[PDB]
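Notes to accompany the following structure.
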Amino acid sequence: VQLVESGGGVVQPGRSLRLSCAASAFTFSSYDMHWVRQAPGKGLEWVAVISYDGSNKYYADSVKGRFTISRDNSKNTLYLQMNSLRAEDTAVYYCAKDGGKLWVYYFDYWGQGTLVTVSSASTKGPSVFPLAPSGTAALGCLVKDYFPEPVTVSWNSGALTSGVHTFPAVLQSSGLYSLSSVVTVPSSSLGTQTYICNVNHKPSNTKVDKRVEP
Amino acid sequence: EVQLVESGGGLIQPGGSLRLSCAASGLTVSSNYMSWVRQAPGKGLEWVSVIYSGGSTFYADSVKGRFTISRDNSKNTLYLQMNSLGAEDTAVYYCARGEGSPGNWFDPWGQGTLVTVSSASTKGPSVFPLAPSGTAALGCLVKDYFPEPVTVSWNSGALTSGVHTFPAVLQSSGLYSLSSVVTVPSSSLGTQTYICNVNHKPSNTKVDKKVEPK
Amino acid sequence: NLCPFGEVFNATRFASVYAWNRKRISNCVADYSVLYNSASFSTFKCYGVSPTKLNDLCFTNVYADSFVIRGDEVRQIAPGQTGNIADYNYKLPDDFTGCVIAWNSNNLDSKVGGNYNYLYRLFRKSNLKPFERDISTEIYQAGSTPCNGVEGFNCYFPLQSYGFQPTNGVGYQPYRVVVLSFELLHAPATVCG
Amino acid sequence: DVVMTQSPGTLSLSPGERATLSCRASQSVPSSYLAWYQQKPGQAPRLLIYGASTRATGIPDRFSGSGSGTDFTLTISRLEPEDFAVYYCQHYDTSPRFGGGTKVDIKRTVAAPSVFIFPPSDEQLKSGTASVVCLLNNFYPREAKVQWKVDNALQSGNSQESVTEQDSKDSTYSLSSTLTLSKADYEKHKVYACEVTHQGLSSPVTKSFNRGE
Amino acid sequence: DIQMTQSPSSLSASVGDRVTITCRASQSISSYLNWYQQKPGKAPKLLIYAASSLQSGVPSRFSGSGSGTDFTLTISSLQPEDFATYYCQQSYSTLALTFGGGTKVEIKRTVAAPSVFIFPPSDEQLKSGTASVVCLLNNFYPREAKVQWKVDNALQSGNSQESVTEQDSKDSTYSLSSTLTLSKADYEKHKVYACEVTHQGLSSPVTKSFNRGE
């Protein structure tokens, strides 16, 4: 049983966005379908449910009168129209097939999920700054002031794997994100081996290579 | 002969617990809506809890999880168990029949009892005469007690006309002090005995002081 | 033939919550889909059963209870609640199986001069059992001296008026409530979806 | 959930006048849910009016409540000195709510204070402390200046004042000023005096006593 | 609304250990309690439905039990792929489905000391206006570690934001990065910039400082 989501992206407060979820390999027109979101770092929150025929719709109080659920049984796709989006709607939205082996609801299969970020900030590119070292040593890079998520950071174009630690981003008070990535190397090969971090930001189309030297 | 007589107030340290009592005559506690309403010094009225005749209980958000209302039918008495007390719980606590709703107003009310949440200790007062020299003035000085309140009467209640009992003042030592005065005709100073009755309920300290010319 | 849910939902006049009505539904085919997508509901909460699953289930009897209450009191029509309505007027069991449906009825049940026909029980010695109905108007004794059916001090009429007025805030506005219970006995079922 | 707001904060009227106290809301509230409570100084609240307009048992006729929707009023005709109190409106939505209260002060004619000075008792002196008390009795308005002079030297920093509420019968105030010294300091000086200035006095009044005399 | 309380919020267990997770309901939910496993970056998967019914394809080592208000998930023999977050989800209130806060199951390794390093804000960062001081804790266990910023021996709180990488797949050790964000005007006014660290693998708090430009 497969469930594939799409339609997620960046949206401004008060605007609209529509998510889709295509089912496969089961009788889609006979089961109920759900939407469940998960804010970054937070837990799971059931959003909405739709009947097998699409006549009955039920929503959570946090989104009622603001989101709309629908489905097309001839296309085996589930929809979620999200209007008047507030910053608290920033989450990863999953679609779930209802189990059906009980009188009540439960989710037996889930979709992979797509990110929705509600913010009046624009798609800004990152600023990468190195971290020079001052019984081994360590050096890294600092991806600061970018929006939105995510950013991919590697070392030596993917050659330096062991000893690397990329830290989760934190949403600072400026609405932008800040991310740290370090790597520990032996203190002997500091002026001989060259270290360059590879930062990539697909939402803003930014690829930065920065030298890291003591 | 309808009365709600309260007891249980006094000093309690931060984080401690205390239990207030509301003894009723003229109504059956277990048969009524019974409420607690409190009043921080110099501030307004705040409903705290209610117990339904059927047993259900409800609490204001500010005391939920810390207070517990209950009753003893054989003693026809209402109780309030207060735990985890803090500065915000320092107040006069009233009981009342009713719950401030149609056909169910707050009536009657108890006389109230003062709960003082402090780290200090209970100290009984010292009483000293204010001796007099058309009309003359005499009184009683009630010094260095804690916590509030003290009450003062004159000649066991037989003397009320012209009595002024001042609000206590907090001395720089952390103890309270007040004076009670009364004006009387100058001619009765020699042929009439004047006694002030000081009652410091937190310590059950009752002092009678004869006030004579010097 | 179809089950008569419209005789409950579309009733012109509704019962006071203390004297809540109950319609026993039997020996009919229930069309829950059209029932739940008719009017717009301000509250729709089901316990122990899903609304979409009812079309597949069969029951011995289905009960449909209806009454009017205040907006602020709709939260009390749920398993495990307490309050003047749940304790003294209409009580659901802790293991309730069914759906609670409510909608604002300000247009139907509020009057310019105030509608005092809708009442609730204010005073009762003890809490109601689940699905218990109490229609007594005996003078309530709140003291030691008996009342002998005469109102007075500590002697209260047990019922209280709502007085619905169309300009009140929604907490004070009337709401019509329908509660669907699903009784599953070891008897041959008569109501299927 | 409806927030109700009382106005004004304080009302100052002469006896016999008409007092108008308002309780307003943003949403309309049914009149049957409105109550008023009176609380005199040191006493407990007393139910005045319930159901917006129904006078409680034993409440004098001069209190009456009215209004509906967003504007509830308490009226006190023929205002009396005993009516000095704080009045609260009250209603229930999901829990009992009380307004912030309106204080009713009572104006009266200017009254000069009677001044009395009290020496410390010999009993207290044996303990090592001397309290000298100055009483200002039955005056209006509240503004008063009390000055301690010890051997004609003005004192500051060693006294505390306390004022009563308006008297429920004559609407006056009373004030007490307590001068606090050590026994050793008290025995170093002879003349103890408090000087009072008030609107009712054409010139300041001084009461004094000689220690030992 | 029905609140689901899971305990503990996290646990550390080695492979083969028997793990039990507790899930409590604010009111009786009969038996309509479902368990879910969600891997970081992946969709949740159903494990147990209706308190005790195993889902098709779920390993036998998973089992659920309980009724009313107390429920339990049990892993009889923990396996390496069983390290994820486990949510319970009540379905008694079918139109108000709620989830528990979750229980993260992680690896219980031996205790290890962090390697603390401090970094000055770069010269390329001071040219922009801002300035960030980064302190690194590298390869320690357990996650609980206190990072304290001292600027001129003054405790700092609210100017920084921490970040932790997930447990390393090689040696199961964590890491920490604290970013003390300030502006260029708030920087050159001082000289000593230190970083205090409290951890289980330290006999006394280790502190790392640098002098600007040395």
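For reference, chains read A, B, C, D and E in written order, and residue numbers begin at 1 within each chain.
Please note the rule applied: a contact is a pair of C-beta atoms (placed from the backbone, for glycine too) under 8 Å apart; a residue touches a chain by one contact, two chains touch by 3 or more.
> Comparing the two chain pairs, does B-D have more C-beta contacts than A-C, or is it the other way round?
Of the two interfaces, A-C and B-D, more C-beta pairs touch across B-D.
> Would you mind pulling out the distance in Å between where the CA atoms of chain A average out and where those of chain D do?
Between these chains, centre-to-centre, one finds 64 Å.
> Using mean CA coordinates as chain centres, what's the gap between chain C and chain E in Å?
Distance between chain centres, rounded to whole Å: 47 Å.
> With chain centres taken as the means of their Cα atoms, state the distance from chain C to chain D in Å.
So the centre of chain C lies 52 Å away from the centre of chain D.
> Can you check how far apart chain A and chain E are, centre to centre, with Cα atoms defining each centre and the answer in Å?
18
> If I count partner chains per residue in chain D, which residues reach a count of at least 2?
32-33
> Could you list the positions in chain C whose residues touch two or more of the other chains?
44, 48-51, 161
> If I count partner chains per residue in chain E, which residues reach a count of at least 2?
In chain E, residues 32, 92, 94-96 touch at least two other chains, as defined above.
> Judged by the touch rule stated earlier, which pairs of chains are there in contact?
Applying the touch criterion to every chain pair yields A-C, A-E, B-C, B-D, C-D, C-E.
> Contact residues on chain A for chain C in the complex?
Residue list for chain A touching chain C: 32, 49, 51-53, 55-56, 58, 103-105.
> Going by the contact rule set out above, which residues of chain C touch chain B in the complex?
Interface residues on the chain C side: 82-84, 87-88, 122-127, 141-144, 154, 156-157, 160-161.
> What residues of chain B sit close enough to touch chain C in their complex?
Its residues touching chain C are 26-28, 31-32, 52-56, 58, 102-104.
> Provide the residue numbers of chain C that touch chain D in the complex, in ascending order.
Within the complex, chain C contacts chain D at residues 72, 114, 161, 163, 165, 167-169, 171-172.
> What does chain B use to touch chain D in their complex?
So the residues of chain B in touch with chain D come to 35, 37, 44-47, 50, 58, 60, 94, 99-102, 105-107, 109-112, 126, 128-133, 135, 137, 139, 141, 143, 164-169, 171, 177-179, 181, 183, 214.
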